[PDB]
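[1] before the rest arrives, take these chains from my complex:
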Amino acid sequence: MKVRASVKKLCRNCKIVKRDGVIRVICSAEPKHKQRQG
Amino acid sequence: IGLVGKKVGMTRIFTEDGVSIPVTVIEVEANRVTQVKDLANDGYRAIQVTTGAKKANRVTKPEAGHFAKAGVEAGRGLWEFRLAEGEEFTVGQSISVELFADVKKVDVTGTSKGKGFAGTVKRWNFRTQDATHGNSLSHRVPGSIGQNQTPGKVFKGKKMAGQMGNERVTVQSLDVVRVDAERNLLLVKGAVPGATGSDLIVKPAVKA
C-alpha cells in the first residue's frame, strides 16, 4: 500500500475506514488503491 | 539433577573406528545428600549434597553438627541442586555416577584458572598498537577510553585491565563418553574449567 499523507478516494469502489486511529482507504477492484495514513 | 566432582587431568579415548576423542577425566565420588529443602520450609524444592572426606579437627562444630543431623560423614564442602518436580530424594542417600549413564550431554561448571591481573590485550583481545613506527611508551596500552566533553566520562562496563579468571564459568553440552562405576569416573569430550584437582559441578544438558 501507499502511506501518503493525503489519502483519497481514487476509484468508485474505494472506501475510507478509520482503523486503530489511522485513516485507511480499502478497495475491492484494484488492490493498488489500498492506502494508509493522513 | 547434578553431581559434584574433582577434575583429574585429561586423556584421549581411541575408538577402533580411527578417531581419538580428547576426554577430561572427572572422578565423581559418592555424592551424599545432607539436607532436602522443600516448598513448606524454604520456598523452593532442592537438595544439598556433599562429597569426599574431611579431617576430624579441620571440620568445625557448626558443620559437624549439620553433618550429624543427616548421619553422613563430613564431606569436603557443600553444594546444592534444584529438583525437577518428578524426582525426589531422601536424606543420607549416596548418589552414584550411574545417574549420567542414560544421558548423552552435560554442562560442566567450574571455577576457571586464575590468570591474575590481566592487561586489556590478554583479557579483552585488544589489539596491540604499532610495535615501532615511532610509538612512544604505548604498545600494549588500551588507547582511548572515551569520547570528549559530551559524556565527559568513561561509560560503565568499559573493557579495562584487571582480574582475569578465578571466576565461575560453564562449558555447555559436552558429550559424555564413558561412565565407569567401578573406579567412579565420568569421561567427557573436551576441556572443562579449573585445574587438575579443582571442584567441578557436572549436571545434565539444558539445551536438549
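    That came in fine, so what should we check first? Residues are numbered from 1 along each chain as shown, chains lettered A, B, ... in the order given.
[2] ok, the residue minimising distance to the centre of chain A to residue B:8 distance?
    Centre of chain A computed as the mean C-alpha position; nearest residue by Cα atoms, centre = their mean is residue A:25, 1.7 Å away. Separation of residue A:25 from residue B:8 (Cβ to Cβ, to the nearest Å) stands at 74 Å. In this view, the C-beta of every residue, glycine as well, is placed from N, C-alpha and C.
[3] direction included, what does the helix or strand containing the residue nearest to the centre of chain A pair against?
    Of the helices and strands defined by DSSP states H and E, residue A:25 is found in strand A:22-26. Sheet neighbours of strand A:22-26, with direction, are listed as strand A:15-19 (antiparallel), strand A:35-36 (antiparallel) (DSSP bridges).
[4] of all these, which one is nearest residue B:38?
    Judged by Cβ to Cβ, the one of the strands paired with strand A:22-26 that comes nearest to residue B:38 is strand A:15-19, at 53.1 Å.
[5] outside of the closest one itself, list whatever touches it.
    Residues from elsewhere that reach strand A:15-19, judged by Cβ atoms under 8 Å, 6 or more residues apart in numbering or on different chains: A:7, A:9, A:23, A:24, A:25, A:26, A:27.
[6] pull out the buried residues from the residues you listed.
    With neighbours counted by 16 or more other Cβ atoms under 10 Å in any protein chain shown, the contacts of strand A:15-19 contain buried members at A:7, A:24, A:25, A:26, A:27.
[7] who does the fourth one form a beta bridge with?
    For residue A:26, the residues forming beta bridges with it (DSSP bridges) are residue A:15.
[8] contacts only, for it.
    When the contact criterion is Cβ under 8 Å, 6+ apart, the partners of residue A:26 are A:14, A:15, A:17, A:34.
[9] and what of the first one?
    If a contact means Cβ under 8 Å, 6+ apart, then residue A:7 has A:16, A:23, A:24, A:25, A:35, A:36, A:37, A:38 as its contacts.
[10] the fourth one against residue A:8, yeah?
    Pointing back at residue A:25 there. Yes - the pair residue A:25 and residue A:8 passes the contact test of Cβ atoms under 8 Å, sitting 7.1 Å apart.
[11] farthest pair within the contacts of strand A:15-19?
    Longest distance between any two of those is 14.1 Å, between A:23 and A:27; criterion Cβ to Cβ.
[12] quick revisit: which single one of the buried ones among the contacts of strand A:15-19 is nearest to residue B:176?
    Proximity of the buried ones among the contacts of strand A:15-19 to residue B:176 was ranked by Cβ to Cβ; the top entry is residue A:24 with 58.7 Å.
[13] include this sequence as chain C:
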Amino acid sequence: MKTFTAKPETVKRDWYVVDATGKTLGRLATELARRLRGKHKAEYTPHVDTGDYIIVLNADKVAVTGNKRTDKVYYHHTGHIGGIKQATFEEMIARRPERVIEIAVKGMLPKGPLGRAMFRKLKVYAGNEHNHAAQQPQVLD
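    So that you can see how it sits with the rest, here is chain C on the chains above:
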C-alpha cells in the same frame, strides 16, 4: 511565645488499612502521601515524620482511566552505557504490582531523608492477606 513543634518521642503513630481494589491510582496515591506525610494531623511539623502507618492491600487491582493500562510507561536507566529499560502499566502489574503504588507515592512524597523515612511507613501488598494483624490496623477510606 514560640510555637509548637511535634517532638518525635511524643509523636502518636496510628495504623491503617486501605483496600485499593478498583480505586484510581493517583487519587489513592495522593491521599496516601497526605497521610504518610502527616498533613491531616493538626500537630503537623514539616521537619518531623508525624504521619501514620498505612497498609495498602490489593495493589494489583488498582484501576487506571483511559488507555493508561497499556500506554502509561515506567522508564528507568540501569546506570549503564546505553541501558534504558521501559515497562508499560500492564507489564508492571504482571511482574511487580507493588512497584505501581510505591512509585506513585514516592513521587508525591518530599525528596530527602524525611521523605525516605515517611515512605518506610507505607506497606504495599499484591494480595488481600497482610501479616500486620498485631498492630490492629483500622480501616481507612
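[14] now that chain C has been added, could you go back to the contacts of residue A:26?
    Residue A:26 makes contact with A:14, A:15, A:17, A:34, according to Cβ under 8 Å, 6+ apart.
[15] let's have those in TSV, adding neighbour count.
    Putting the contacts of residue A:26 into TSV (neighbours: other Cβ atoms under 10 Å in any protein chain shown) gives the following:
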residue	neighbour count
A:14	18
A:15	12
A:17	9
A:34	14
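[16] which helix or which strand is home to residue C:91?
    Residue C:91 is located in helix C:89-95, with elements delineated by DSSP H and E.
[17] can you tell me which helices and strands whichever helix or strand comes after that helix packs against?
    Later in the chain than helix C:89-95, the nearest helix or strand by DSSP H and E is helix C:97-108. Helices and strands in packing contact with helix C:97-108 are listed as helix C:25-37, helix C:89-95, strand C:122-124; criterion 3 or more Cβ pairs under 8 Å, 6 or more residues apart in numbering or on different chains; DSSP states H and E.
[18] partners of whatever helix or strand comes next after the shortest one in the sheet?
    Looking back up the chat, that one is strand C:122-124. In the C-terminal direction, the helix or strand that comes right after strand C:122-124 (DSSP H and E) is strand C:138-139. Neighbouring strands of strand C:138-139 in its sheet, by DSSP bridges, are strand C:15-19 (parallel).
[19] and the contacts of the strand it pairs with?
    So strand C:15-19 is contacted by C:28, C:32, C:35, C:52-58, C:128, C:130, C:132, C:135-141 (Cβ under 8 Å, 6+ apart).
[20] try 7 Å
    Contacts of strand C:15-19 from elsewhere in the structure, counted by Cβ atoms under 7 Å, 6 or more residues apart in numbering or on different chains, are C:52-58, C:135-140.
[21] neighbour-wise, give me the winner out of these.
    Each of the contacts of strand C:15-19 was scored by neighbour count (other Cβ atoms under 10 Å in any protein chain shown); the top score is that of residue C:56, with 25 neighbours.
[22] tilt between whichever helix or strand that residue is part of and helix C:97-108?
    Following DSSP H and E, the helix or strand that holds residue C:56 is strand C:53-57. With axes from the mean of the first three to the mean of the last three Cα atoms, to 10 degrees applied, the angle from strand C:53-57 to helix C:97-108 works out at 140 degrees.
[23] helices or strands next to the next helix or strand after strand C:53-57 in the packing?
    Of the helices and strands lying after strand C:53-57 in sequence (DSSP H and E), the nearest is helix C:68-71. Taking 3 or more Cβ pairs under 7 Å, 6 or more residues apart in numbering or on different chains; DSSP states H and E as contact, the helices and strands that helix C:68-71 lies on are helix C:89-95.
[24] slot chain D in:
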Amino acid sequence: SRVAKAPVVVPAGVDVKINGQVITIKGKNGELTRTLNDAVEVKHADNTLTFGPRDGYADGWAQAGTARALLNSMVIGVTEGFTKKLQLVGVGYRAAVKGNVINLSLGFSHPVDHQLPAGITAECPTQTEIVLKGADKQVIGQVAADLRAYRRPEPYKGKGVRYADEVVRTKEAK
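    Okay, chain D now, added to the rest:
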C-alpha cells in the same frame, strides 16, 4: 438504532436465560453463552427479544444493534447450525479428516495438522474439498480463515485454499 428496532424471533425448544448481562441460549445443536456489553439492556417481550440502549451511556444505539445481530446469529446457530464450504484448488493439494484434526497436504515438506477448537464438525465430501459445520459463526469463521491462511489464493492460477462463494482476481504474466 434500526437493526436494534427489529425484534429477534425465538423458535420453540430454544431455552434462553438472561443472567444480568450474561446471556445463555441453549438449543438442539449446542449451548451458547454470551457475556454482553454493559451499555446494552436486554429484555424478553412476548415471543421475541427486545434490544435497546441504556440512558446515561454515550454510544447506546451502536452497542444495541450489535447485541441484536449477535443474538440473531446465535439463535440461527443453535437452531440450524452454520456451515462453510472450503475448496482446495491445484494439483497435489488435498484435504483429509481423522477425528477432530484436519490433515492437509498443501504442497509443503511437512504435514499441516490443523486442530479444531470447540464444537466444530468437519468433513470431506471429496479429497479436494472441506465442508465444516458448527454452532458459532465466530469459531467457524476463524477456523475457515486459519485453513485459508495456510495457502491463500495465488492470483495467477487461483491455487490454494478458497471459500466456495469467493471470487478470485487473476492476472497475466508480464
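[25] so, the contacts of residue A:26 revisited with chain D in the model?
    Contact partners of residue A:26, counting by Cβ under 7 Å, 6+ apart, are A:15, A:17, A:34.
[26] what is the nearest of these to chain B?
    The shortest separation between chain B and any of these is 44.2 Å, and it belongs to residue A:34 (by Cβ to the nearest Cβ).
[27] residue A:7 versus the residue nearest to that closest one when sequence neighbours are not counted, what's the distance?
    Nearest-residue entry for residue A:34: residue A:1, 4.5 Å, with adjacent residues in sequence omitted and distances by Cβ to Cβ, 6 or more residues apart in numbering or on different chains. Computed as Cβ to Cβ, the residue A:1 to residue A:7 distance reads 10 Å.
[28] helix C:25-37 and the strand holding residue C:56, what's the angle between them?
    Taking the same axes, to 10 degrees, strand C:53-57 and helix C:25-37 form an angle of 160 degrees between their directions.
[29] ok, which stretches of chain D are helices?
    In chain order, chain D shows helices spanning D:61-79, D:137-150, with DSSP state H as the criterion.
[30] list the helices and strands the first one packs on?
    It stands for helix D:61-79. Packing contacts for helix D:61-79, counted by 3+ Cβ pairs under 7 Å, 6+ apart, involve strand D:22-26, strand D:32-35, strand D:40-44, strand D:49-53.
[31] ok, residues contacting it?
    The set of residues that contact helix D:61-79 without belonging to it, under Cβ under 7 Å, 6+ apart, is D:1, D:3-4, D:8, D:10-11, D:14, D:25, D:27-30, D:32, D:34, D:36-37, D:39-40, D:42, D:49, D:51-53, D:135-137.
[32] any buried residues in it, and which?
    Using 16+ other Cβ under 10 Å as the burial criterion, the residues of helix D:61-79 that qualify are D:63-68, D:70-75, D:77-79.
[33] how much space between the most centrally placed residue in chain C and chain B?
    Residue closest to the mean C-alpha point of chain C, counted by Cα atoms, centre = their mean, is residue C:105 at 4.0 Å. Distance, residue C:105 to chain B, by Cβ to the nearest Cβ, to the nearest Å: 28 Å.
[34] now swap in residue D:60 and tell me
    Separation of residue D:60 from chain B (Cβ to the nearest Cβ): 52 Å.
[35] who's in contact with that residue?
    Here residue D:60 is in contact with D:39, D:53, D:54 (criterion: Cβ under 7 Å, 6+ apart).
[36] top of the residues you listed by neighbour count?
    Counting neighbours by other Cβ under 10 Å, residue D:53 leads the contacts of residue D:60 with 20 neighbours.
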